[PDB]
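In: Coordinates for the following, if possible.
(chains A, B, C and D, ligands or ions: 2)
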Amino acid sequence: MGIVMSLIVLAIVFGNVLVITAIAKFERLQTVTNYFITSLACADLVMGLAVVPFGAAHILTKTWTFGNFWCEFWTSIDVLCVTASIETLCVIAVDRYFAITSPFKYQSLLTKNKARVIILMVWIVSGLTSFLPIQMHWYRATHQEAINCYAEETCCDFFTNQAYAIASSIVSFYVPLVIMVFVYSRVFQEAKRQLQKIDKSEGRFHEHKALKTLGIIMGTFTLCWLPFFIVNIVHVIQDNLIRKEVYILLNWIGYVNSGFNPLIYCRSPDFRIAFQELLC
Amino acid sequence: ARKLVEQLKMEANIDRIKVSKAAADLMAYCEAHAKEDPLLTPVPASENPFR
Amino acid sequence: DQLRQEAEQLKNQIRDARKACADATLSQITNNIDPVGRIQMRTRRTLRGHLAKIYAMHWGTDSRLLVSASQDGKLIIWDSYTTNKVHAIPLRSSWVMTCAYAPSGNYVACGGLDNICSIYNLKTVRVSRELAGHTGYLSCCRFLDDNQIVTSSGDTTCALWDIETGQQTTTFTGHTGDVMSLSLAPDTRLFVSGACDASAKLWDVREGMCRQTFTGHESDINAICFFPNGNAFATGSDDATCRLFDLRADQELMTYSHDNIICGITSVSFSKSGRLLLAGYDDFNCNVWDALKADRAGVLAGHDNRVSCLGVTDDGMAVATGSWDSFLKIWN
Amino acid sequence: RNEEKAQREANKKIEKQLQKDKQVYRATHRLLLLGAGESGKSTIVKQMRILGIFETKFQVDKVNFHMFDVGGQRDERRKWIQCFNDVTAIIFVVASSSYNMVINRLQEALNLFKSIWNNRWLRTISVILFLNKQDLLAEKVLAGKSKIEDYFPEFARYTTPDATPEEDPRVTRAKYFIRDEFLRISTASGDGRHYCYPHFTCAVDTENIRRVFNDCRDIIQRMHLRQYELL
Ligand SMILES: Nc1nc2c(ncn2[C@@H]2O[C@H](COP(=O)(O)OP(=O)(O)OP(=O)(O)O)[C@@H](O)[C@H]2O)c(=O)[nH]1
Ligand SMILES: CN[C@@H]1CCc2c(ccc(O)c2O)[C@H]1O
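Out: Numbering: from 1, shown residues only, chains lettered A, B, ... in the order given. Ligands and ions are numbered 1, 2, ... in the order given. Now the structure:
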């Protein structure tokens, strides 16, 4: 599995690095929309460069060879990156909703200054739920196995109580899901209305595209991050119901989503020209 | 009407020299003034004002 | 009538005389000259602040300041050395297609779709005079002197103006298509003009009569530059070609074209020594030619839209380009 | 010394003014009014407004529109049209009752529209079409000496197309044939970037400004939808 994990790490790093350098190098890609894209790319790069290799080493050697402080820092970084990699998608969806639904007032509403505030607020909210309740010992569990793991300085699993498990899941995944669903439903309705108007107007002379695009965009995210955020509550509500191996497998399936964002949000022809200009 | 004919007649009678002489003069001027072209000959960066 | 048949004769006589005078081509004479070699230039400055695409610019006589015009209705006078603005003049009309900088550095003129040539007083910034009389959009204007200016408009005429009284002095007629550009001789005694009928003419500023006519091209002419020697000029048309005409020989000399380009040409300029010919194209880049060899020597890429302006400093230290991407670049 | 500081202060003031003006420039919408002679272009402008250049600015629902009328230059060749490649839409006004009059006016209008549509610099610009004089046409059709078939042979094998009168079948047939004449040219030339729009107007009409508002909104919405690969 080491070859597979190394390939996963390389795929995660390469695409995000290429996207960031293509956005930064050129001037025609400096759009208010691209700030969210580069924020997401930075989050994915930090994830794939910080949390994936240490997790791979831990799952291979089956023994944490560092101290407790580094383990807590690793867990905090994991939670921070996971939380910050989804609110950016929610912000992108909201921006597209504003752009399509109200075409006349879009230009005034998002101005570059307004965007650097939204990104900072998103990052602050992401960091306020990862570092604060983990550097402090609020999330620590109570069963004897938890204390045995906490005392030991050579191994550390993830044990959490009910309150933190529910709250972090709600903040990270469940809240930014209904907003995206509503936004994309409204966008699909608008696209269908425009298509019907065109067909009624000039159909005697001359919906798969919207369905395909929305299906890809929603399905990849839902399939990647849905089961883990259900078993997260399941294993806490019911004891001895979810095995550790299944939990780790689902969590690692969640990690792979960070390597697909360039393949979905960077299919524009301008990005293709930018990628052809350098390293080709 | 006759304005075009008059203009053509006016421009018909002019002195015309051989093209070889004109080409030689152009080449001679280009060769003579070839030492004062910063774009053609890159000047040292010490005296470059834009760099 | 009979005269029209009669007229063609004179054309046959002129063609026969020009063919007889052609002893040898320029390429044959200029064959042992060592090539200049590959020439590479890099961007040194970038100027930002225009909200829309740029049509025109003109260097200062001191090779330090320059003026620019855009479609947002605003003239900006930059300081190329310290890359900071100096002036920002609003305009009554937002459609302008030309601008000029006076040799004395005291006035700046502009015009556009509105048939008015406005003149601004920099060292007093308020409108000084407004010249009217053209029935078509202006295309170019060059300060012949601090008191008189010459303009070319879209009604197939070029006129000489008097700034003090605001009245036309001399009117030049004879063209058929819309006049698009002009350039003055170093002594300001003659000027040329290129219209949309594929013909460039030589004008006399004092007498006010056309002296010669050149019809080598086959499409509309978009730009004209004048050789530093004062006895030649180069033109650029929509057929992706450039041609080097001559005055004393009264015929063209050489053509600059390649089979890999099918776009148009928007601006043409020379160098201080005249060895290099610079032309802007519609391929979002610029090209450098060799005047005496018709061999490409380099390409200036870096613009995200078509290049519409081009100019070289009086002392020939740098070349400036403008594009529809609302950006001005300085190449050394 | 202090000259650099003075230039920096001047540059800061100029940059502040430019930043202030950028929002105003971005807020407004620009339109171009293009049409042939005797169409009725001068009337439309006034009715709507009352509610060698001529710029009319009207505001609807706190949105700024700025329309131009370039009537100073009158020539078949149009070398100045490259300047209007960044406008929101082009308004085309044509007299629909001009078919019977030589210097044919309707054929010249069709040729002008075909030339405009296929222009290289106007490959992503939509056209709003105003078919003017909708009552002179009805008067001519109803018991008229001239017939459309004599000047337009294709009218002999034409059918009424979803048509909603208001009317006699003859006037509806004539109107829809004239509209389809323009609609055919538009469908063939381009794929997606631009779409022509037709309308029926007359002298007693006050909803033209609302029509322009709705058409501009549709144009911007369709552009945004196509940009994100949804249409
Ligand atoms: N019945 C009727 N008459 C109209 C209508 N529109 C214009 N007209 C008449 O036709 C003439 C149109 O001319 P103007 O609108 O003044 O100017 P114009 O001829 O459109 O200008 P160009 O078309 O650019 O030459 C006017 O004198 C109007 O009386 C209409 O909708 N109904
Ligand atoms: C061990 N990995 C952690 C464990 C729990 C957790 C994650 C991510 C977001 C959350 O809100 C969580 O509660 C996972 O990345």
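In: Show the secondary-structure elements that the longest helix anywhere in chain D is packed against.
Out: Among the segments of chain D that qualify as a helix by DSSP state H, the longest is helix D:2-27. Counting contacts by 3 or more C-beta pairs under 8 Å, 6 or more residues apart in numbering or on different chains; DSSP states H and E, helix D:2-27 packs against helix A:106-109, strand C:84-90. Heads up, the C-betas are built off the backbone N, CA and C, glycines and all.
In: Tell me what angle it forms with strand C:84-90.
Out: 40 degrees (axes from the mean of the first three to the mean of the last three C-alpha atoms, to 10 degrees).
In: what's near enough to touch the closest residue to chain A within chain B?
Out: Closest approach between chain B and chain A, counting by C-beta to the nearest C-beta: residue B:50, at 20.6 Å. By C-beta atoms under 8 Å, 6 or more residues apart in numbering or on different chains, residue B:50 lies in contact with C:44-45, C:80-81, C:317-318, C:330, C:332.
In: ok, 6 Å please
Out: By C-beta atoms under 6 Å, 6 or more residues apart in numbering or on different chains, residue B:50 lies in contact with C:44, C:318, C:332.
In: Ramachandran angles for the residue lying closest to it once chain neighbours are set aside?
Out: Closest residue in space to residue B:50, ignoring its immediate chain neighbours: residue C:44 at 4.5 Å, by C-beta to C-beta, 6 or more residues apart in numbering or on different chains. The phi and psi values for residue C:44, taken as degrees, to the nearest 10, are phi -110, psi -30.
In: Next: residue B:28.
Out: Torsion angles, degrees, to the nearest 10, at residue B:28: phi -60, psi -40.
In: quick one: the one helix or strand residue A:198 maps to near chain D?
Out: Assigned by DSSP states H and E, residue A:198 belongs to helix A:175-202. Yes - under the criterion of C-beta under 6 Å from any C-beta of the partner chain, chain D is reached by helix A:175-202 at residue A:191.
In: Show me what that helix is packed against.
Out: helix A:68-101, helix A:208-237 (3 or more C-beta pairs under 6 Å, 6 or more residues apart in numbering or on different chains; DSSP states H and E).
In: nearest spatial neighbour of the residue in the stretch 1-150 of chain C that chain D sits nearest to, skipping sequence neighbours?
Out: Proximity of the stretch 1-150 of chain C to chain D (C-beta to the nearest C-beta) peaks at residue C:84, 4.1 Å away. Counting by C-beta to C-beta, 6+ apart, residue C:84 lies nearest to residue D:11, which is 4.1 Å off, once chain neighbours are set aside.
In: That neighbour contacts residue C:86, doesn't it?
Out: No - counting by C-beta atoms under 6 Å, residue D:11 stays clear of residue C:86, with 8.2 Å between them.
In: what's the burial count for residue D:124?
Out: 12 (other C-beta atoms under 10 Å in any protein chain shown).
In: Ok, the one 5 residues further on next?
Out: Here the number of neighbours of residue D:129 (other C-beta under 10 Å) works out to 21.
In: ok, now residue D:153?
Out: Neighbours of residue D:153 using other C-beta under 10 Å come to 9.
In: From the chain's centroid, how far away is the longest helix of chain D?
Out: 37 Å (C-alpha atoms, centre = their mean, to the nearest Å).
In: ok, now stretch C:321-332?
Out: That offset, for stretch C:321-332, works out to 17 Å (C-alpha atoms, centre = their mean).
In: What of stretch A:208-222?
Out: 16 Å.
In: in it, what counts as buried?
Out: Neighbour-count burial for stretch A:208-222 flags A:210, A:213-214, A:217, A:221 (criterion: 16 or more other C-beta atoms under 10 Å in any protein chain shown).
In: how much space is there between residue D:71 and residue A:250?
Out: 70 Å (C-beta to C-beta, to the nearest Å).
In: my bad, residue A:212
Out: Using C-beta to C-beta, we find residue A:212 at a distance of 27 Å from residue A:250.
In: before we move on, the earlier item: what distance separates the helix holding residue A:198 from the centre of its chain?
Out: The answer for helix A:175-202 is 24 Å, by C-alpha atoms, centre = their mean.
In: Now chain D against ligand 1: closest residue?
Out: residue D:40 (2.9 Å; C-beta to the nearest ligand atom).
In: Secondary structure element for residue D:64, which one?
Out: strand D:63-69.
In: follow-up on the earlier one: return the set of buried residues in the helix holding residue A:198.
Out: For helix A:175-202, by 16+ other C-beta under 10 Å, it's A:176-177, A:180, A:183-184, A:187-188, A:190-191, A:194-195, A:202.
In: Can you lay out those residues as a markdown table showing distance to ligand 2?
Out: Formatted as a markdown table, these follow (distance: C-beta to the nearest ligand atom, whole Å):
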| residue | distance to ligand 2 |
| --- | --- |
| A:176 | 12 |
| A:177 | 13 |
| A:180 | 17 |
| A:183 | 22 |
| A:184 | 23 |
| A:187 | 27 |
| A:188 | 29 |
| A:190 | 33 |
| A:191 | 33 |
| A:194 | 38 |
| A:195 | 39 |
| A:202 | 50 |
